[PDB]
Amino acid sequence: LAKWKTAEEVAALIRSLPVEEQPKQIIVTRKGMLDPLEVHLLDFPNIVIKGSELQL
Amino acid sequence: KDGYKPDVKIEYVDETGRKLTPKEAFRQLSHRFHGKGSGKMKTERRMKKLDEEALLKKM
Amino acid sequence: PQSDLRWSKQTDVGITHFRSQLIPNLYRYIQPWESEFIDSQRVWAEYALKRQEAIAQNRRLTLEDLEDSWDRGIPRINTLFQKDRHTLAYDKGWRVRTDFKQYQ
Amino acid sequence: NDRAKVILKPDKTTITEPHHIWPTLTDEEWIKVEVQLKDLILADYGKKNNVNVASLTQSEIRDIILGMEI
Amino acid sequence: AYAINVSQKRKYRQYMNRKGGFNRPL
Amino acid sequence: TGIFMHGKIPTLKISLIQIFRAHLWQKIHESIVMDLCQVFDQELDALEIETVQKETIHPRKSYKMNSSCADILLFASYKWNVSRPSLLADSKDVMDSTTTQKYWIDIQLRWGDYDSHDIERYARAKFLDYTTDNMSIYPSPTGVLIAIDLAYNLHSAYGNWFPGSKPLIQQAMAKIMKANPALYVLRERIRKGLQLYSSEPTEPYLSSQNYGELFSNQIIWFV
């Protein structure tokens, strides 16, 4: 539930950012956080959740 | 046969030059078959989407 | 029916045909009760021998060792390596509770 | 920590901008700080791997810095 | 000299809501 | 529609009707005809074509198998030697002593069953029957006909292949079956109806070669 809340908060912060400034790609370090990210903001699919194995 | 390889590559690009999506191409074909176009609200939504896409492509 | 067992293939250079008969029955896919009992007795003896041999060197019986009977076993299946074996074995009366469950 | 202290503000008179967070530096200062940081990172990689410190290719070094499991 | 491509418009013939005859026009 | 349900299965009848919702068959046939005409006219000048125009075909002439017609009526500006009507899948170059000016091309839509999936033979038989058809009055006796096995995703044509046009027809049919708009929409609808959906490819990982690829104009937030 905490992870889902974090993903929802990330999606809401993306929505707070303008659509013209929406990140076209969303690199997530957490492996399992991509599916909740896509589920939370499926209404805004302009962002591609690309994997970044090498964690910065 | 004269003997050659066909240099054929056809597509469905709108009169504005934008390559219509296969869903959009099917929508255009169905509109042509039905002989009916988009409505007022559909026109407004299309204009807003096109303006937003153009603004995004600008920068 | 061998008449309608032939598939097709939409090749890029034309049309290509494909070739392929009784639907199997469970009369033989399940071991008979007497054979199952004999195999279970043999597997129980083999598993006991392997466990004793491992205990001789004071080592656990690995899942790789004595894995020939990975499916067949003493109670018709060698589940001695299954999780919670010690937990389930403490609770007896499985057969009666399963049979009496028809009225519950 | 101490290596990061040397890398960020090598000179006590040099610090981050009042409106900024990360320590501001010019091209030469950034180059010196990055050289020191690369030396420290090579030392850390050698300590973690028990191998030669500077024995990784430029692409390999970039992947190691990025976090690839090399 | 290059390979210039000019894809002409493809106005599909009207099928429904023609309000005309049976056979499709020319 | 071309769905000839030999029987009465209400569930399958409803599924087929929903699959072909919003008058899909006639639109698909018209789209296929238009795509073929455009593909031909893209390089028709080199293939000795004078003028290409679609005949006046009734909407009920794209689904009624009893009466057929000609889809494309393209002139050739020359005495186009009418080659023998054979399957496009054949590699034999045989042309009888017959020449004419106007060459016709036709396209048919079929939904083949488990046994009716033989597109080549069925198309050849259809072309032969249309050559001597009582009512399918095609203008050019050397008018080829094409078939689409929509149910089994196949296409064939066993008519009079014009000299130098058989490779063109083959390439056009291959490109259509790859990316026909109406056919693609129908395939998507059929996949949706059958509760089937392929696992879409996922976004690739950023390796040491794609590390700098995230600095492009596409905004990336490394969450």
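1. With respect to the overall build of chain B
Secondary structure summary: chain B contains two helices and zero strands in total. Its C-alpha atoms give chain B a radius of gyration of 17 Å, more than 25% over the compact-globule value 10 Å for 59 residues. Overall, the C-alpha framework of chain B stretches about 55 × 35 × 15 Å when taken along its three principal axes.

2. Some points on the overall build of chain C
Across its full length, chain C holds four helices and two strands. Moving toward the C terminus, one meets the helices and strands of chain C in the order β-β-α-α-α-α. Taking 2.2 N^0.38 as the reference for a compact globule, 104 residues should give roughly 13 Å; the C-alpha atoms of chain C span a radius of gyration of 24 Å, well beyond that estimate. Along the longest, intermediate and shortest principal axes, the C-alpha atoms of chain C span 65 × 50 × 30 Å.

3. Side note on the interface of chain F and chain A
Contact residues are listed per partner, giving ten residues for chain F and 13 residues for chain A. Classifying every residue of the side of chain F that touches chain A by side-chain character gives eight nonpolar, one polar and one charged.

4. A word on the arrangement of the chains
There are seven pairs of chains in contact here, and the one with the most contacts is chains A and F. One thing to see here is that chain C and chain D don't touch, and their nearest C-alpha atoms sit 31 Å from each other.

5. What to know about the pairing of strand β2 (residues 72-81) of chain F
Residue and element names in this part refer to chain F. The pairing of strand β1 (residues 52-54) with β2 spans three bridges and is antiparallel. Paired with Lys54 across the bridge in β2 is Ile72. The pairing of β2 with strand β3 (residues 99-110) spans six bridges and is classified as antiparallel. Each bridged residue has a counterpart across the sheet, and for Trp80 the counterpart in β3 is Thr100.

6. Re the sheet that holds strand β5 (residues 154-157) of chain F
Residue and element names in this part refer to chain F. Ordered in space as β1-β2-β3-β4-β5, the five strands form an open sheet in which the pairing is mixed. The two strands at the open ends of the sheet, each matched to only one other strand, are β1 and β5. Across this sheet, the average inter-strand angle for adjacent strands is 25°, counted without regard to direction.

7. Section: the environment of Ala54 of chain C
Residues and elements named next belong to chain C. Along the chain, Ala54 turns up in helix α2 (residues 33-56). Between the alpha carbons of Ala54 and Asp65 there is a distance of 9.6 Å; along the sequence they are eleven residues apart. Ignoring anything within four residues of it in the chain, the contact list for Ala54 reads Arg59, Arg60 and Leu61.

8. Some remarks on unusual backbone geometry
One non-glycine residue, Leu66 of chain C, lies in positive phi territory at about 55°. Within the fold, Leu66 of chain C resides in the loop between α2 and α3 (85-90). Positive phi is not limited to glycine here, since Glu48 of chain F has a value of about 60°. Here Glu48 of chain F shows up in the loop between α2 (24-42) and β1.

9. With respect to the pairing of β5 of chain F
Residues and elements named next belong to chain F. When strand β4 (residues 143-149) meets β5, the two strands line up antiparallel, connected through four bridges. Its bridge partner being in β5, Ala147 is matched across the sheet by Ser156. Connecting β4 to the next strand, β5, in antiparallel fashion are four residues, including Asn153 with a positive phi near 55°.

The rules we used
- Here the residue numbering is sequential from 1 along each chain as its sequence is written and may not follow the entry numbering; residues with no coordinates are omitted from view.
- Chain labels run from A onward and ligand labels from 1 onward, assigned in the order the entries are written.
- What you see is a piece of a larger assembly; the numbers all apply to this piece alone.
- With hydrogens and water stripped out, all remaining heavy atoms of the structure feed into the side-chain values.
- Residues with missing side-chain atoms are left out of burial classes, side-chain pairs and their counts.
- Where helices and strands are cited, they refer to DSSP runs of H or I of at least four residues and of E of at least two residues respectively, numbered from the N terminus.
- Radius of gyration means the value over C-alpha atoms here, while the globule rule gives 2.2 Å times the residue count to the 0.38 power.
- Only heavy atoms matter for contacts: two residues are in contact if any of them lie within 4.5 Å across the pair.
- Residue polarity follows a fixed list, in which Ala, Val, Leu, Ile, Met, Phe, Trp, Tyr, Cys and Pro are nonpolar, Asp, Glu, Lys and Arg are charged, and the others, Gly among them, are polar.
- A pair of strands is labelled paired if DSSP reports no fewer than 2 bridges between them.
- Every angle, taken between N-to-C directions, lies between 0 and 180 degrees, and every axis is a line fitted to C-alpha atoms, over only the stretch in contact when it is a helix.

Limitation: the analysis is restricted to geometry and does not speak to function.
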